[PDB]
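Q: This is the structure I want to talk about, given as structure tokens.
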Protein chains: 2
Amino acid sequence: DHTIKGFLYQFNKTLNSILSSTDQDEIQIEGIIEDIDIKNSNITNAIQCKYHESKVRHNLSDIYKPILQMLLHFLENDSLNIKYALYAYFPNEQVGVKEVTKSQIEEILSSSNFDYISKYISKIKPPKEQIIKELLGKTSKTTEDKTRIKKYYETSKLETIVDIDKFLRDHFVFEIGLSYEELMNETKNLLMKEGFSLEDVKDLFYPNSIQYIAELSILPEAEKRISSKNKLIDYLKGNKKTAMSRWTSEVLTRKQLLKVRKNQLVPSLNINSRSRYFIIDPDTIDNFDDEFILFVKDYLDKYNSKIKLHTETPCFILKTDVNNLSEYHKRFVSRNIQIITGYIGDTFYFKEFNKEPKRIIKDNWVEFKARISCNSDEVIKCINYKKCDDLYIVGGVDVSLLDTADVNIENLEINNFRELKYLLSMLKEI
Amino acid sequence: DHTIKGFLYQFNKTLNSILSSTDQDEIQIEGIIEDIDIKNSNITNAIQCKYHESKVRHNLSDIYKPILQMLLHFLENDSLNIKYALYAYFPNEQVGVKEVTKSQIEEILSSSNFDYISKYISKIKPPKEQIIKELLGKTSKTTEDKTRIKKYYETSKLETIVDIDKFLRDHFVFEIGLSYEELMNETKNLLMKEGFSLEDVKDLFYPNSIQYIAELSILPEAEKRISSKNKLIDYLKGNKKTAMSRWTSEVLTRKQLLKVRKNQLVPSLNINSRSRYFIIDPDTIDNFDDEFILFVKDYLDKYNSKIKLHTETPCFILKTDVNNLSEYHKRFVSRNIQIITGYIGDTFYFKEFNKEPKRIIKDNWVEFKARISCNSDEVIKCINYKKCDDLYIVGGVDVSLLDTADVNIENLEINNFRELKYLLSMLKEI
């Protein structure tokens with residue numbers, strides 16, 4: 001349980017650092033240098049997280065290995081402007097920056113542990129004997145070699161290549177961290193300052209952020225572990241918006257939702273001179289064949305009846321084959337409705353589909369009142385050539401090949417022609 | 001990463017067990033006996049979780065330690081009706097209950113590892129020599145003592161106090177667990193069976209449950225680690241209800257404020273011959289690039305559509321650079337909207353920007369319908385040269401360089417184009 005609590009404390013510290021950083025700061029979760037690597041414009045901040053709730057008092061030996069690792073990294077990267085930080089929590093130690101003296105650092109380098117001497121102290125303090133260097137260079141070290149190295153490092157005085165004074169003065173800082181509960185509360189309060197309420201932070205934002213940190217921690221690739229405050233905020237806001245939409249679309253009945261959609265669509269439908277295209281899937285509307293002609297007749301009677309005012313010809317695109325289009329053309333010509341399909345036989349003609357109808361105002365005559373065709377590639381090229389004002393999609397037809405840039409798209413979720421007529425304001429009440 | 005994945009797998013298994021258990025079952029996360037301690041009315045179920053994704057084939061030695069600890073606990077608690085379960089995942093092993101024979105158990109007790117022999121095998125198989133008993137009773141054991149104990153337990157045949165047959169028949173069960181992804185999917189499906197949707201579980205319920213399990217696991221008190229399905233369900237439902245109450249019914253303040261602001265702004269928007277200047281910061285509006293053109297088109301359709309009545313031209317000033325202005329110019333020209341930017345290449349021109357548009361009422365032609373430039377000093381000077389009636393500021397752009405003397409300033413606090421359309425009376429309900 002202690003390891004899990006330490007991992008949670010490290011994740012909370014990383015989240016707090018992400019929240020407290022600016023938009024220009026790049027932070028690497030489980031960074032190359034330490035647990036938290038904050039990359040600013042000129043200074044890189046490396047923070048090591050240690051949890052010591054079970055320790056009554058802070059001891060120098062508790063921070064031997066981390067300080068040795070930081071010293072080794074500083075020795076290997078002295079030319080880099082990296083600020084090394086050690087974030088360790090102790091229940092009985094006052095929260096704040098704790099100074100580490102040069103004598104304490106020298107005491108760390110004099111530790112009798114063989115692992116530390118072989119890993120970090122040897123590189124910090126190179127041995128002056130070639131035999132000891134060869135022993136340290138062995139991949140596998142026997143017990144006699146370990147004892148010899150330990151005795152040599154305990155008895156011999158070796159110079160320190162690492163500039164301890166400069167490291168402590170500029171590139172090192174030790175801070176006594178807050179408790180796990182206090183750190184979590186501070187992180188939640190930081191989430192509060194981002195416009196998020198306590199309820200939202202407690203329920204959604206904090207667990208999602210913790211899961212995001214945990215997921216980024218286990219990624220083997222270092223580049224994929226780089227995150228930022230803006231990215232986390234955007235991810236949380238997107239999740240919140242999706243949850244809001246999903247939860248809101250569960251209370252209102254069908255009629256209220258349809259009324260809301262109709263009120264949304266009225267302003268665009270009130271304009272006399274807009275080009276409106278409809279993409280319809282016949283299999284999502286009940287009794288499409290028996291009712292399609294009357295629907296088009298009513299639509300033309302409402303929105304394409306005034307010769308002087310209504311200037312734009314509507315277009316209807318259907319997910320069907322050419323033979324059904326010919327049958328619909330027969331049924332339209334039988335009812336004295338003039339349409340154009342762009343098909344002569346089986347071939348499609350560009351210059352027929354896209355021609356503008358001729359008007360004689362005195363005779364109240366328009367050459368054709370609507371365009372009706374199928375969703376073939378040529379027809380979609382015709383649509384893309386002459387971009388429409390409003391593009392209504394009925395039945396979830398694949399719009400992947402249409403150019404939808406700067407085109408107002410209105411997805412209509414209906415299942416019968418009564419609903420479609422109600423949404424387009426051609427009926428007063430269902 | 002392997003340890004973190006194993007901890008996540010254990011937490012997912014605990015969550016799945018909690019979901020699958022009945023309302024009368026008490027489950028202790030990180031229980032005294034094993035990882036999962038499900039306490040029924042008369043039978044206590046102990047589950048040990050192991051993750052072995054990196055192991056190609058399951059081996060008996062992989063489960064030596066959990067089985068030995070389990071056998072020792074059963075020996076110490078033979079009078080209790082406790083059923084012990086081993087939940088270990090292996091990629092190449094079929095999911096289901098796997099039988100462990102008595103010969104395999106005897107092989108486990110014959111393991112050559114000194115740690116197992118001294119910890120569990122010694123208590124399961126007591127030594128018949130008092131010297132070995134005294135050596136095992138020592139808190140600190142030297143290498144010679146370890147070697148002597150290992151040799152004695154390897155060479156001597158010792159009887160087993162624990163009833164292996166009864167244990168295997170009644171109090172033991174070994175199951176090959178599912179994969180981490182499969183376990184997570186099953187847990188999410190179980191959460192779906194409680195009345196929660198898939199996305200709701202993914203965004204809120206699953207992270208909340210995982211955080212709850214993690215928080216309960218690290219609790220030092222065993223009693224505080226006791227959980228149940230009803231408690232978790234109630235906690236999740238309370239979190240969902242609080243999130244609902246904070247998200248919905250909070251729109252009242254925003255909608256009422258927006259309605260008040262709209263009513264404030266209506267009187268000046270109904271006059272047909274006013275000059276209106278907009279200063280917009282794109283970073284304060286969601287999806288500015290994808291929605292700017294349609295917003296300008298709608299504003300021109302409502303306020304610059306009547307040639308003989310709408311006589312003034314709007315002016316949109318953006319906090320961007322010249323290249324983005326050129327891109328927007330391209331995009332406007334592609335949509336047959338005539339705008340003037342005042343830039344020929346990279347040089348601003350005073351006389352181009354502030355020329356009045358020509359009109360031919362017979363052909364219904366206006367030379368350009370909008371002015372769209374950047375917030376450069378020259379553009380600000382052009383704005384100051386010809387003073388406007390209404391000045392609208394979006395996003396709080398710096399207006400220190402503008403001559404605001406005797407100018408009606410209307411600051412609008414919005415975060416999306418839908419709200420702006422609502423305020424400018426181009427929509428009737430958000």
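We name chains A, B, ... following the order of the structure tokens; residues begin at 1 in each chain, and ligands are numbered from 1 as shown.
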Would you give me, as an NGL selection string, the residues in region 223-390 of chain A that DSSP reads as helix (DSSP H, G or I)?
A: :A and (223-225 or 229-248 or 254-269 or 282-284 or 288-303 or 322-334 or 350-353 or 377-385)
Q: Determine, counting only C-alpha atoms, which protein, DNA and RNA residues have an atom within 10 Å of an atom of residue 106 (chain B); residues of the same chain fewer than 4 positions away are not included. Present the result as a compact mmCIF listing (two decimals) with N, CA, C and O atoms, in the first residue's frame.
A:
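Listing of around_12.txt after writing:
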```txt
# COMPACT_ATOMS: atom_id res chain seq x y z
N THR B 101 -3.05 -30.27 -8.85
CA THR B 101 -3.02 -31.60 -8.27
C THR B 101 -2.22 -31.61 -6.97
O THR B 101 -1.47 -30.68 -6.66
N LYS B 102 -2.38 -32.69 -6.21
CA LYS B 102 -1.62 -32.86 -4.97
C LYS B 102 -0.13 -33.01 -5.25
O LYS B 102 0.70 -32.56 -4.45
N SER B 110 8.67 -28.56 -2.08
CA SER B 110 10.04 -29.00 -2.30
C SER B 110 10.88 -27.94 -3.01
O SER B 110 11.97 -28.26 -3.49
N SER B 111 10.40 -26.71 -3.09
CA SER B 111 11.15 -25.65 -3.75
C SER B 111 12.46 -25.38 -3.01
O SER B 111 12.53 -25.45 -1.78
N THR B 160 3.57 -33.44 6.15
CA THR B 160 2.80 -32.22 5.96
C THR B 160 1.64 -32.19 6.94
O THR B 160 0.78 -33.08 6.91
N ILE B 164 -3.67 -31.46 2.56
CA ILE B 164 -3.61 -31.00 1.18
C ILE B 164 -4.87 -31.40 0.42
O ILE B 164 -5.42 -30.60 -0.35
```
Q: Could you give the RMSD, in Å, left over when chain B is least-squares superposed onto chain A across all Cα atoms paired sequentially?
A: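 With chain B fitted onto chain A, the C-alpha RMSD reads 15.7 Å.
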Q: Per residue of chain A within 9 Å of chain B, record the nearest atom pair and its distance in Å to one decimal, counting only C-alpha atoms, with rows in chain order and ascending residue number, as JSON lines.
A:
```
{"residue": "A:1", "atom": "CA", "partner": "B:218", "partner_atom": "CA", "distance": 4.8}
{"residue": "A:2", "atom": "CA", "partner": "B:218", "partner_atom": "CA", "distance": 6.8}
{"residue": "A:3", "atom": "CA", "partner": "B:218", "partner_atom": "CA", "distance": 8.9}
{"residue": "A:4", "atom": "CA", "partner": "B:218", "partner_atom": "CA", "distance": 6.8}
{"residue": "A:5", "atom": "CA", "partner": "B:218", "partner_atom": "CA", "distance": 6.0}
{"residue": "A:7", "atom": "CA", "partner": "B:4", "partner_atom": "CA", "distance": 8.9}
{"residue": "A:8", "atom": "CA", "partner": "B:214", "partner_atom": "CA", "distance": 8.6}
{"residue": "A:197", "atom": "CA", "partner": "B:246", "partner_atom": "CA", "distance": 8.0}
{"residue": "A:199", "atom": "CA", "partner": "B:243", "partner_atom": "CA", "distance": 6.1}
{"residue": "A:200", "atom": "CA", "partner": "B:243", "partner_atom": "CA", "distance": 5.9}
{"residue": "A:202", "atom": "CA", "partner": "B:239", "partner_atom": "CA", "distance": 8.1}
{"residue": "A:203", "atom": "CA", "partner": "B:239", "partner_atom": "CA", "distance": 5.6}
{"residue": "A:204", "atom": "CA", "partner": "B:204", "partner_atom": "CA", "distance": 5.5}
{"residue": "A:205", "atom": "CA", "partner": "B:204", "partner_atom": "CA", "distance": 8.7}
{"residue": "A:206", "atom": "CA", "partner": "B:208", "partner_atom": "CA", "distance": 8.8}
{"residue": "A:207", "atom": "CA", "partner": "B:207", "partner_atom": "CA", "distance": 5.3}
{"residue": "A:208", "atom": "CA", "partner": "B:207", "partner_atom": "CA", "distance": 6.0}
{"residue": "A:210", "atom": "CA", "partner": "B:211", "partner_atom": "CA", "distance": 8.2}
{"residue": "A:211", "atom": "CA", "partner": "B:207", "partner_atom": "CA", "distance": 6.7}
{"residue": "A:214", "atom": "CA", "partner": "B:4", "partner_atom": "CA", "distance": 8.7}
{"residue": "A:217", "atom": "CA", "partner": "B:1", "partner_atom": "CA", "distance": 8.1}
{"residue": "A:218", "atom": "CA", "partner": "B:1", "partner_atom": "CA", "distance": 5.4}
{"residue": "A:219", "atom": "CA", "partner": "B:1", "partner_atom": "CA", "distance": 8.2}
{"residue": "A:220", "atom": "CA", "partner": "B:1", "partner_atom": "CA", "distance": 8.4}
{"residue": "A:239", "atom": "CA", "partner": "B:203", "partner_atom": "CA", "distance": 6.8}
{"residue": "A:240", "atom": "CA", "partner": "B:203", "partner_atom": "CA", "distance": 8.5}
{"residue": "A:242", "atom": "CA", "partner": "B:199", "partner_atom": "CA", "distance": 8.6}
{"residue": "A:243", "atom": "CA", "partner": "B:200", "partner_atom": "CA", "distance": 6.7}
{"residue": "A:244", "atom": "CA", "partner": "B:247", "partner_atom": "CA", "distance": 7.2}
{"residue": "A:246", "atom": "CA", "partner": "B:200", "partner_atom": "CA", "distance": 8.0}
{"residue": "A:247", "atom": "CA", "partner": "B:244", "partner_atom": "CA", "distance": 7.9}
{"residue": "A:248", "atom": "CA", "partner": "B:248", "partner_atom": "CA", "distance": 8.2}
{"residue": "A:260", "atom": "CA", "partner": "B:429", "partner_atom": "CA", "distance": 8.8}
{"residue": "A:263", "atom": "CA", "partner": "B:429", "partner_atom": "CA", "distance": 7.6}
{"residue": "A:264", "atom": "CA", "partner": "B:429", "partner_atom": "CA", "distance": 7.3}
{"residue": "A:267", "atom": "CA", "partner": "B:427", "partner_atom": "CA", "distance": 7.2}
{"residue": "A:387", "atom": "CA", "partner": "B:335", "partner_atom": "CA", "distance": 7.9}
{"residue": "A:405", "atom": "CA", "partner": "B:290", "partner_atom": "CA", "distance": 8.0}
{"residue": "A:406", "atom": "CA", "partner": "B:294", "partner_atom": "CA", "distance": 6.3}
{"residue": "A:407", "atom": "CA", "partner": "B:294", "partner_atom": "CA", "distance": 7.7}
{"residue": "A:408", "atom": "CA", "partner": "B:294", "partner_atom": "CA", "distance": 7.5}
```
Q: Residues as selected, C-alpha atoms, written as a short mmCIF file (atom, residue, chain, number, x, y, z; two decimals), in the first residue's frame, can you do that?
A:
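Listed below is the output, result-v2.cif:
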```
data_model
loop_
_atom_site.label_atom_id
_atom_site.label_comp_id
_atom_site.auth_asym_id
_atom_site.auth_seq_id
_atom_site.Cartn_x
_atom_site.Cartn_y
_atom_site.Cartn_z
CA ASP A 1 0.00 0.00 0.00
CA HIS A 2 2.95 2.30 0.67
CA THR A 3 4.18 1.99 -2.93
CA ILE A 4 0.69 2.74 -4.27
CA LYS A 5 0.43 5.78 -1.99
CA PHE A 7 2.83 6.60 -6.80
CA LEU A 8 -0.39 8.52 -6.11
CA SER A 197 -16.56 24.13 -9.46
CA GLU A 199 -18.63 19.49 -7.46
CA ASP A 200 -17.15 19.09 -10.94
CA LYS A 202 -14.52 16.21 -7.02
CA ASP A 203 -16.58 14.08 -9.40
CA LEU A 204 -15.13 14.37 -12.92
CA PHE A 205 -12.06 16.60 -13.30
CA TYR A 206 -9.76 15.17 -10.62
CA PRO A 207 -10.27 11.44 -11.41
CA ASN A 208 -9.95 12.10 -15.15
CA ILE A 210 -5.32 11.36 -12.37
CA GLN A 211 -6.15 8.71 -14.99
CA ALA A 214 -1.26 7.52 -14.97
CA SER A 217 3.30 7.72 -17.11
CA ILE A 218 3.34 4.17 -18.52
CA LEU A 219 4.05 5.22 -22.11
CA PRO A 220 7.50 3.91 -23.15
CA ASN A 239 -14.99 15.51 -21.71
CA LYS A 240 -17.21 17.86 -19.70
CA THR A 242 -19.56 15.59 -24.12
CA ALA A 243 -20.95 14.55 -20.73
CA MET A 244 -23.21 17.62 -20.65
CA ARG A 246 -25.10 13.15 -23.39
CA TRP A 247 -26.82 13.76 -20.05
CA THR A 248 -28.98 16.60 -21.39
CA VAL A 260 -36.23 22.87 -30.25
CA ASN A 263 -36.99 26.72 -33.67
CA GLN A 264 -33.31 26.29 -34.51
CA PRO A 267 -34.42 31.61 -39.23
CA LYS A 387 -21.63 25.31 -53.17
CA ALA A 405 -15.94 23.83 -45.92
CA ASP A 406 -17.94 26.98 -45.08
CA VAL A 407 -21.25 25.19 -45.74
CA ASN A 408 -23.96 25.24 -43.08
#
```
Q: For region 352-357 of chain A, please output as a list in words all residues within 9 Å (counting only C-alpha atoms; exclusion window: fewer than 2 positions along the same chain).
A: residues 312, 313, 340, 341, 342, 343, 348, 349, 350, 359, 366, 367, 368, 369, 371, 373, 379, 382, 383 and 386 of chain A
Q: Let's have the selection written as a JSON list (two decimals), in the first residue's frame, with N, CA, C and O atoms.
A:
```
[["chain", "number", "residue", "atom", "x", "y", "z"],
["A", 312, "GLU", "N", -33.99, 30.67, -56.08],
["A", 312, "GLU", "CA", -33.06, 29.55, -56.00],
["A", 312, "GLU", "C", -33.82, 28.23, -56.11],
["A", 312, "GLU", "O", -34.83, 28.03, -55.43],
["A", 313, "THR", "N", -33.34, 27.35, -56.98],
["A", 313, "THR", "CA", -33.96, 26.05, -57.20],
["A", 313, "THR", "C", -33.45, 25.05, -56.17],
["A", 313, "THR", "O", -32.24, 24.88, -56.02],
["A", 340, "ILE", "N", -35.52, 18.26, -62.98],
["A", 340, "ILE", "CA", -34.39, 17.89, -63.82],
["A", 340, "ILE", "C", -33.53, 16.89, -63.06],
["A", 340, "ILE", "O", -33.33, 17.02, -61.85],
["A", 341, "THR", "N", -33.05, 15.87, -63.78],
["A", 341, "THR", "CA", -32.26, 14.81, -63.18],
["A", 341, "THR", "C", -30.81, 14.79, -63.64],
["A", 341, "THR", "O", -29.96, 14.23, -62.93],
["A", 342, "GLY", "N", -30.50, 15.39, -64.78],
["A", 342, "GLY", "CA", -29.16, 15.34, -65.33],
["A", 342, "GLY", "C", -28.81, 14.05, -66.04],
["A", 342, "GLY", "O", -27.70, 13.94, -66.58],
["A", 343, "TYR", "N", -29.72, 13.08, -66.06],
["A", 343, "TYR", "CA", -29.49, 11.79, -66.69],
["A", 343, "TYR", "C", -30.33, 11.69, -67.96],
["A", 343, "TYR", "O", -31.55, 11.84, -67.91],
["A", 348, "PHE", "N", -24.65, 10.60, -67.27],
["A", 348, "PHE", "CA", -24.87, 11.86, -66.57],
["A", 348, "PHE", "C", -24.19, 12.99, -67.32],
["A", 348, "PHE", "O", -23.08, 12.83, -67.84],
["A", 349, "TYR", "N", -24.85, 14.14, -67.38],
["A", 349, "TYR", "CA", -24.36, 15.30, -68.12],
["A", 349, "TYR", "C", -24.19, 16.49, -67.18],
["A", 349, "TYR", "O", -25.15, 16.88, -66.50],
["A", 350, "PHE", "N", -22.99, 17.05, -67.17],
["A", 350, "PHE", "CA", -22.67, 18.16, -66.26],
["A", 350, "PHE", "C", -23.48, 19.40, -66.60],
["A", 350, "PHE", "O", -24.06, 20.04, -65.72],
["A", 359, "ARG", "N", -37.05, 32.11, -66.51],
["A", 359, "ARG", "CA", -38.28, 32.61, -65.91],
["A", 359, "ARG", "C", -38.98, 33.59, -66.84],
["A", 359, "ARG", "O", -38.34, 34.46, -67.44],
["A", 366, "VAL", "N", -41.64, 28.96, -64.77],
["A", 366, "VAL", "CA", -40.24, 28.62, -64.53],
["A", 366, "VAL", "C", -39.97, 27.30, -65.24],
["A", 366, "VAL", "O", -40.82, 26.40, -65.24],
["A", 367, "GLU", "N", -38.78, 27.18, -65.85],
["A", 367, "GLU", "CA", -38.49, 26.03, -66.69],
["A", 367, "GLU", "C", -38.56, 24.73, -65.89],
["A", 367, "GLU", "O", -39.17, 23.75, -66.33],
["A", 368, "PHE", "N", -37.94, 24.70, -64.71],
["A", 368, "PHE", "CA", -38.06, 23.57, -63.81],
["A", 368, "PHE", "C", -38.00, 24.07, -62.38],
["A", 368, "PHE", "O", -37.40, 25.11, -62.09],
["A", 369, "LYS", "N", -38.63, 23.32, -61.47],
["A", 369, "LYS", "CA", -38.81, 23.77, -60.10],
["A", 369, "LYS", "C", -37.86, 23.10, -59.11],
["A", 369, "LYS", "O", -37.71, 23.61, -57.99],
["A", 371, "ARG", "N", -34.25, 20.12, -58.60],
["A", 371, "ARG", "CA", -33.26, 19.17, -59.08],
["A", 371, "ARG", "C", -33.32, 17.91, -58.23],
["A", 371, "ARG", "O", -33.25, 18.00, -56.99],
["A", 373, "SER", "N", -31.66, 13.92, -58.12],
["A", 373, "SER", "CA", -30.67, 13.02, -58.69],
["A", 373, "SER", "C", -30.20, 12.07, -57.59],
["A", 373, "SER", "O", -30.63, 12.15, -56.44],
["A", 379, "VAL", "N", -22.61, 13.61, -59.63],
["A", 379, "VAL", "CA", -23.55, 14.53, -59.01],
["A", 379, "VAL", "C", -22.90, 15.25, -57.84],
["A", 379, "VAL", "O", -23.13, 16.44, -57.61],
["A", 382, "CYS", "N", -20.88, 17.93, -59.08],
["A", 382, "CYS", "CA", -21.77, 19.05, -59.40],
["A", 382, "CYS", "C", -22.07, 19.88, -58.15],
["A", 382, "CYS", "O", -22.05, 21.11, -58.19],
["A", 383, "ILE", "N", -22.38, 19.21, -57.04],
["A", 383, "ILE", "CA", -22.65, 19.92, -55.79],
["A", 383, "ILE", "C", -21.43, 20.71, -55.35],
["A", 383, "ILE", "O", -21.54, 21.87, -54.93],
["A", 386, "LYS", "N", -20.83, 24.05, -57.35],
["A", 386, "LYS", "CA", -21.72, 25.15, -56.97],
["A", 386, "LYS", "C", -22.14, 24.92, -55.52],
["A", 386, "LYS", "O", -23.11, 24.21, -55.24]]
```
Q: How many Å separate CA of residue 56 (chain A) from CA of residue 90 (chain A)?
A: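 Interatomic distance here is 7.5 Å.
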